[PDB]
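Atoms within each ligand, like the ligands themselves, are counted from 1 in listed order. Per chain, numbering begins at 1; letters A, B, ... match sequence-line order. Computation of the quantities below employed the complete heavy-atom set of this structure, encompassing side-chain atoms and omitting hydrogens, waters and symmetry-equivalent molecules.
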Amino acid sequence: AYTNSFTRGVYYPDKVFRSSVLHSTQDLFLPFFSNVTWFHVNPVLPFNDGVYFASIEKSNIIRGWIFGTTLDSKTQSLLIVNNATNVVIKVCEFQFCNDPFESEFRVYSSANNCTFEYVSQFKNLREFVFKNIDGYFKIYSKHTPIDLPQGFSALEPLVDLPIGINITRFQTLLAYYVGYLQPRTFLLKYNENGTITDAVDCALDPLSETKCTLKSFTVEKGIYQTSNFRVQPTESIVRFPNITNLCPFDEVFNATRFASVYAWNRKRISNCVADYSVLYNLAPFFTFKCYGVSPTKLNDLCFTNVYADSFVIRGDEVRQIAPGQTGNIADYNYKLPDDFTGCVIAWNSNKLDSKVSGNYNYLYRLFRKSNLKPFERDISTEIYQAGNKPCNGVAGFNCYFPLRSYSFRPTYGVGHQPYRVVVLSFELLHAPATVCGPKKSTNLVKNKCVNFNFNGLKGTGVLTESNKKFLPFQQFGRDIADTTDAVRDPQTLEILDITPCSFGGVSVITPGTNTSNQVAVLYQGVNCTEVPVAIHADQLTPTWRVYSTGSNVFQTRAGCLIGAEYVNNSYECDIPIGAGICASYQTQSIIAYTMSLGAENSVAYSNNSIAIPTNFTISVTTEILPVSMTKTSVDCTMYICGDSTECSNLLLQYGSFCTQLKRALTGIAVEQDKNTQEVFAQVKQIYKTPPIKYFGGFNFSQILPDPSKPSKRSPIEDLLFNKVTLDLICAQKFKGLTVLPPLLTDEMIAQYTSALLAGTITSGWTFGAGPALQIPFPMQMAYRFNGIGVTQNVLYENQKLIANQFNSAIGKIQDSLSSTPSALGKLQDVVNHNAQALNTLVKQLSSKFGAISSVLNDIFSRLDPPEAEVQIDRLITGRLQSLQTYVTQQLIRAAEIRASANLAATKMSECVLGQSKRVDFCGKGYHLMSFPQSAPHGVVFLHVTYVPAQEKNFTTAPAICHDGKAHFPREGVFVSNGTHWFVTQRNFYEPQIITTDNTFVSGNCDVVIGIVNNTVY
Amino acid sequence: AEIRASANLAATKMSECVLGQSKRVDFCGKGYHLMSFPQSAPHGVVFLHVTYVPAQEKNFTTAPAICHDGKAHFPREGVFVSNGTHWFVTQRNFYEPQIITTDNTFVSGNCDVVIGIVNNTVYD
Amino acid sequence: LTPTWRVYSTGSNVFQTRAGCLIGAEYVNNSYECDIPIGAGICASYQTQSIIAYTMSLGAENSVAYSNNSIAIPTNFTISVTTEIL
Amino acid sequence: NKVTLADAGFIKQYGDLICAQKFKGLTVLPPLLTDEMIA
Amino acid sequence: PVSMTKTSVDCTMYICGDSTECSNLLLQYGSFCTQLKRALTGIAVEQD
Ligand SMILES: *[C@@H]1O[C@H](CO)[C@@H](O)[C@H](O)[C@H]1NC(C)=O
Ligand SMILES: *[C@@H]1O[C@H](CO)[C@@H](O)[C@H](O)[C@H]1NC(C)=O
Ligand SMILES: *[C@@H]1O[C@H](CO)[C@@H](O)[C@H](O)[C@H]1NC(C)=O
Ligand SMILES: *[C@@H]1O[C@H](CO)[C@@H](O)[C@H](O)[C@H]1NC(C)=O
Ligand SMILES: *[C@@H]1O[C@H](CO)[C@@H](O)[C@H](O)[C@H]1NC(C)=O
Ligand SMILES: *[C@@H]1O[C@H](CO)[C@@H](O)[C@H](O)[C@H]1NC(C)=O
Ligand SMILES: *[C@@H]1O[C@H](CO)[C@@H](O)[C@H](O)[C@H]1NC(C)=O
Ligand SMILES: *[C@@H]1O[C@H](CO)[C@@H](O)[C@H](O)[C@H]1NC(C)=O
Ligand SMILES: *[C@@H]1O[C@H](CO)[C@@H](O)[C@H](O)[C@H]1NC(C)=O
Ligand SMILES: *[C@@H]1O[C@H](CO)[C@@H](O)[C@H](O)[C@H]1NC(C)=O
Ligand SMILES: *[C@@H]1O[C@H](CO)[C@@H](O)[C@H](O)[C@H]1NC(C)=O
Ligand SMILES: *[C@@H]1O[C@H](CO)[C@@H](O)[C@H](O)[C@H]1NC(C)=O
Ligand SMILES: *[C@@H]1O[C@H](CO)[C@@H](O)[C@H](O)[C@H]1NC(C)=O
Ligand SMILES: *[C@@H]1O[C@H](CO)[C@@H](O)[C@H](O)[C@H]1NC(C)=O
């Protein structure tokens, strides 16, 4: 039968204790919700990559297993039996009987050579995990007092056996379930007492991939870039030249007599198959040193200009056959270019060249005027002159013959014994190739993703017939990036274009893990006709699938959306997809739609119709502005090195990096206090509110300091300081990352805010321009109504209604902040950004950066200084880069916060210390006044504005013709109830009788279009 | 980027403080801005801001409106203040008491709504 | 002691602050304008003769005589000329 | 018609400089608001 | 100007194009690609 494995088979991947962490592990796991085979009480199930084995029973019916390859005597098989006394393990040549199954003698007949033996110690669930890696048979296990259960439980290591055999099949020695392992990435959640309490299978589905991307088990609503889909190569091809003759290496290496180093011999190698394995049969212990390549890779490459230079030298000069070496041999005999690509093969040839008597067939130049250029040969015998004399003639004093013989003898020490040297020079500068290693050519697959190899150029992509034409000397084409984009096929000589395999970005639209587990997927920049759908795991690198269902596939200019039904109704954007398309959870399913820009409203325009408001609303709105960020300090050496003195000494050689970082962070830290001072320290005097808090009916209790509180904060300020969350700090501290306190405490900032509020309440805007002049609050409001163009009588006649509207509006602010979650989101964003940056810095200390380990002490305690310093250099470079990135991001964030703080200071000056006429600067409507409230890292402004309401249509005229004079309203607009004509102020309907004092006259009523006949009393 | 923000601010101040008179509070100095003068400085600009600062304040009694002949009067371009026994209308930022006439105030309704209205003669 | 040198803790010249331990300054109870900022509201200055730590002063307290019928009006003015450097 | 865009971030159908960038892993995403909605 | 081009980078494709050994090595340089992606996503959201 078959059943669902659920979330079972997780096993502790390491022996390290961990607590309150989310750790990511790549290992052989049992994929979640896997189809496991259920057997009941059996056959010989295969061993694919490791096995999860479960056994629900209460009678020890299951006793062991037999892992092996043929399970016969012709091979070696592992045997594991659980006898009531012990457990027996035996890798040994077993002729297992056909139905093994208490008489243990009924399992196998013969037990030939045994290379490994070992002995050790409500139904029940015995879970096991068997793996075979690097010759080790690992077993993890767990017992649970109990269709597999549907809970989470993790398996602990039991034993690793060095059994040294391949295991392809196994059989249970007699309900047991058998699942299989695959290479997977898992996100494991460790408990506080170090217990794995949950896992996420990253490759299970798109939501799991989102969870692993965010390193969390809960995903908020939104759209997340999770990974990129990548089409995988279907097959592989190899295209090498058709040449089959072997290279003439025997006539080079196996030569009766080699040349002299001064007249060294050069041989051209072409049109042949170069099998370098034929080497390694030279005078044993020979030197085979390569430059630009590795000896083990020569058989896999193709070469352009292969030359074999052969000569004989003395052993102690073999070190001189290398780039940049100096000496008689390297200066006057045989020089190699500094940029030499090739291989030097040297081997002692005492038994070929040495002569008991002295061999004079091998000479070397000892004296030359100048040095030689690379690969140059000098075969002249002129007399070298070390003296100023006209040496022209024969040898003598300061006149030496330039060549001297080695005189190799069998009795010499190794250092002066003959060595035969062969230098192979080749250009791996691709180019058309004639010498190639032994490699078989497959067929050419076009218009299909493949792994390809053209004369050693390896790659993956799609090959198409090219319209480009190469010149005879050209074999590859290159693009702007200098990557090969065209290749001439070595056999047919046609030109093929190389294109990358289809790939793209994938985004996951989630309504929120809380709300639902449904997801939609956006394949970005792709049309649905091209969305990968390959069934087998050969495509869509994510490796999960979101199959179509008809109405669940939509095409947007941002890409193809799968899993969201498109609707024709328009809404506000909930989750932005792009190109006008948004998505949301209907409730039940995810729906995509075109976003609405808002509701239409045709304004009734006429040449004589005017709408005048008849009422108003006092609106109180909120504006939240960051003012400062956490001041941070970094102990550079403690972060980079951390208790390692060797690392500190090595660090000293890297420059003034830490001084620069400290200076930049100090600049940011000082700027934060400057920001706070510029926002809140505007007042010179700490004004205090009057003990008797009557203000004409206006109630400031929610904004004024509350004397009960130990901090003397207002109720709204307390709500703000509780809504913004401001052991991880200790972990950061241990790495040298510290937070510096702000200069102004929250009590001092609240005191500044209180002084500002008292000044504005008791004196209006006068305390911002000089001495604070007291004025009754209703009179101040009358001034602020005169500011927005409303006559004073409006306030005094509506004092109680205005006061009540203000009080109710101020009352709703507490709810509005506390209710809407993402209200303080800007200040919380500042806090979260700092915390995230520091946590990222701490987490970067576990990165190896290509070194063998991220622990400096382990590197120093296991390596000699020469190589240790290389590894430590990798680590120090990586950590320095982490610090530099952190400081640069901090500088950019501090610039942005400084802009926000300059804006907050401007708002403090122009909305709290005065009444602003700038539209939308201090709230939506017509600004009346504003109140500041401190917030953990910023300032909240409560803007009080006047909003017209209950508008009424009237008929209007540009002017009034009376007595023959044209009349225009001095401080208002002409309106008509329908039959009578009044003059009204603009923002409040207050009709008045048209007199010659509320009106002025200019010209006759013959030029003013629209002029109307009436009487100006 | 920081210096460019500073130079944008300096250009704005050159436009609104030197080429005009600014109503924005504290944009062109502390006090009510009258005018400003630019002076070039080595790598920047210096603005000499000339502002009007009120001084030598005196307390007065004040009322929202004045009741006369059963009519409520609100000041046109001033506030009502009292020497102690008589009543004047003054401009806000400088003590310039004037006899309350029916030319520097306006009538709006009766003296039965304003919370604080005071009886006195509005000379016609 | 990594910095080797040590400043003697004479008792009256050791103080605890949220910024850390201050040694070589005497905490007083007067409030002056901040001269050298230590942090968390604490500043330092040369008294004259020794270094003193103190809680910084936000400014001189003031109380505006608010009533529901009293208005302060300036009788005079000053023409001020301030400087702004950009 | 006076400002020339380079990519504009719209669907590319498999089969110049944009192609080079895309093959190297660099893409342009479309703005949320279209030109018509901004208009 | 109001907005600029929104850009996305496939870090693995740029650094390790079509090489798998390079990708498995790149898995050891920490969260660099994740930080780059987060920064560019922040820019892209800021444009809208
Ligand atoms: C972890 O184990 C400890 C053992 O002392 C126990 O006290 C604690 O409650 C456990 N944690 C849980 C149950 O979350
Ligand atoms: C040299 O000769 C030996 C013996 O015939 C042979 O095994 C070897 O491969 C030859 N070396 C080369 C480089 O051909
Ligand atoms: C995607 O490909 C199909 C098939 O060629 C085509 O009809 C469609 O227009 C393409 N998508 C876009 C956005 O052009
Ligand atoms: C006044 O408005 C109406 C309707 O919009 C229009 O027909 C008429 O021409 C306008 N007046 C004049 C003088 O055009
Ligand atoms: C103005 O609005 C208020 C509600 O805030 C209402 O009580 C009052 O009656 C309205 N005034 C008029 C004249 O409708
Ligand atoms: C002012 O408002 C607070 C909170 O809404 C309330 O408790 C208090 O009684 C109010 N004061 C007056 C004088 O109405
Ligand atoms: C003004 O008139 C238009 C059309 O005549 C009407 O739709 C609108 O509701 C009116 N507005 C008011 C405030 O009466
Ligand atoms: C004219 O305005 C008066 C208010 O002053 C109003 O009582 C009257 O109804 C208006 N005329 C018409 C025709 O509505
Ligand atoms: C307004 O009165 C004047 C006075 O003679 C007259 O000429 C004009 O035609 C009148 N206009 C209308 C629209 O009645
Ligand atoms: C205004 O009255 C208050 C309270 O009596 C007083 O302290 C203040 O000095 C007075 N103002 C002037 C300018 O005399
Ligand atoms: C009242 O004003 C009058 C001027 O009309 C003058 O007696 C003096 O300034 C004030 N009187 C008192 C007692 O303040
Ligand atoms: C002003 O005069 C009216 C009319 O007699 C009276 O009702 C009112 O009380 C007077 N005001 C004061 C403050 O005495
Ligand atoms: C006006 O102020 C006085 C003194 O400050 C106070 O006794 C009175 O209650 C206030 N007005 C009202 C209506 O309470
Ligand atoms: C106003 O102040 C000036 C000094 O700035 C002084 O000379 C003058 O007498 C003052 N005027 C009054 C009326 O106090």
Q. Hey, which of A:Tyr406, A:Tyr262, A:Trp264 is the one that makes ring-ring contact (aromatic ring centres under 6.0 Å, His included) with A:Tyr364?
A.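 The option that passes is A:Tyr406.
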
Q. Is the side chain of B:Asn104 donor-acceptor paired with the backbone N or O of B:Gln98 at a distance under 3.5 Å, no angle test?
A.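 Flag not set: sc B:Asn104 to bb B:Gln98 has no pair under 3.5 Å.
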
Q) Does A:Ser606 offer a backbone N or O that forms a donor-acceptor pair with the side chain of A:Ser609 under 3.5 Å? A)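 Absent.
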
Q. With sequence neighbours excluded, what pairs up with A:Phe253 under the ring-ring contact (aromatic ring centres under 6.0 Å, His included) test?
A.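 Partners of A:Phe253 by the ring-ring contact (aromatic ring centres under 6.0 Å, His included) criterion, ordered by chain and then number, come out as A:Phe249, A:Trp347.
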
Q: State, without any angle test, whether B:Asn59 and A:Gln774 hold a side-chain donor-acceptor pair at a distance under 3.5 Å.
A: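 The answer is yes; a qualifying pair exists.
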
Q: Specify side chain, backbone, both or neither for A:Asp250, according to which of its non-hydrogen atoms lie closer than 4.0 Å to ligand 2.
A: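 Contact part for A:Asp250 vs ligand 2: both backbone and side chain.
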
Q.
By the definition side chain to side chain contact (heavy atoms under 4.5 Å, CB included), identify the one residue from A:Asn305, A:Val306, A:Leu424, A:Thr434 that meets it with A:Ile269.
A.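 The side chain to side chain contact (heavy atoms under 4.5 Å, CB included) with A:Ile269 is passed solely by A:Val306 among A:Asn305, A:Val306, A:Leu424, A:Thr434.
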
Q. In order of chain and number, which residues sit within 4.0 Å of ligand 8 by heavy atom?
A.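 Within the 4.0 Å shell of ligand 8, which is judged on heavy atoms, sit A:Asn977, A:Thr979, A:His980, A:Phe982.
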
